[PDB]
Amino acid sequence: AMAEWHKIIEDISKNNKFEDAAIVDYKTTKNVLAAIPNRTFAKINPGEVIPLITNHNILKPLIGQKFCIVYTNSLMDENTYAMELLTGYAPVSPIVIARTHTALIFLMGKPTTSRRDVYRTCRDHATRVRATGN
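Under this note's numbering, the first residue of the sequence shown is numbered 63, with each subsequent residue one higher.
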């Protein structure tokens, strides 16, 4: 599974619609498993993961030490496994977090990228990974 996390990031990186991405464990150590280098999501720490998976009412989470704003949250639902946010700083950009059996996939679009494209791209990656048991 470790190599595959990097393959997912590589695939995202080739697409000019996205600005940032990371895959972070949520089961055990909560370390960053793969990330686009030298951007915000590479800095996600365990204390940022726990509120996302625990607090039903999370609204202004810190992600890589910057605030984001939650506008839909079905992250812990087994059928949807996705949350939608906006950055809480300029330029306002769309974010989707999708949940596999063991990891969170964070994806940020450029400001011009549609909500649909970020959602479908992030969630489809999670759908594929879930089929492997990860």
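We treat Cβ as the ideally placed atom computed from N, Cα and C, and that holds for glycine.
Cα separation between residue i and residue j?
{"i": "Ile159", "j": "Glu146", "result": "7 Å"}
{"i": "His68", "j": "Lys79", "result": "18 Å"}
{"i": "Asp139", "j": "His118", "result": "11 Å"}
{"i": "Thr102", "j": "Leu169", "result": "11 Å"}
{"i": "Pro99", "j": "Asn107", "result": "15 Å"}
{"i": "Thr174", "j": "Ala152", "result": "13 Å"}
{"i": "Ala193", "j": "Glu110", "result": "26 Å"}
{"i": "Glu72", "j": "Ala65", "result": "11 Å"}
{"i": "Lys89", "j": "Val154", "result": "30 Å"}
{"i": "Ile112", "j": "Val94", "result": "13 Å"}
{"i": "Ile70", "j": "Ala96", "result": "9 Å"}
{"i": "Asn77", "j": "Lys128", "result": "24 Å"}
Under 9 Å, do residue i and residue j count as touching if we go by C-beta distance?
{"i": "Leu114", "j": "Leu166", "result": "yes"}
{"i": "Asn135", "j": "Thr162", "result": "no"}
Please look up how many angstroms separate the CB atoms of residue i and residue j, rounded, as I've assumed it's under 8 Å.
{"i": "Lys105", "j": "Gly126", "result": "4 Å"}
{"i": "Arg177", "j": "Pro156", "result": "5 Å"}
{"i": "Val132", "j": "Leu124", "result": "Contact doesn't hold; Cβ gap of about 12 Å is too wide."}
Since residue i is in the alpha helix (DSSP H), which residue starts that stretch and which ends it?
{"i": "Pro156", "result": "From DSSP, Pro156 is part of no alpha helix (DSSP H) but of the beta strand (DSSP E) over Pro156 to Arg161."}
{"i": "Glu140", "result": "First-last for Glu140: undefined, no H or E at that position."}
{"i": "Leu114", "result": "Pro108 to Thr116"}
In the DSSP assignment, find the beta strand (DSSP E) that holds residue i and state where it starts and stops.
{"i": "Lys69", "result": "First-last for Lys69: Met64 to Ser75, but that is the alpha helix (DSSP H), not the beta strand (DSSP E)."}
{"i": "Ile131", "result": "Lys128 to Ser136"}
Is residue i near the ligand GDP - that is, is its Cβ less than 8 Å away from at least one heavy atom of it?
{"i": "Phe103", "result": "Annotation note on the ligand GDP: not contained in the displayed structure, which lists no ligands."}
Query raised in the report: Are at least three pairs of beta-carbons, each pair with one atom in the region 175-190 and one in the region 73-87, less than 8 Å apart?
Result: The region 175-190 is in contact with the region 73-87.
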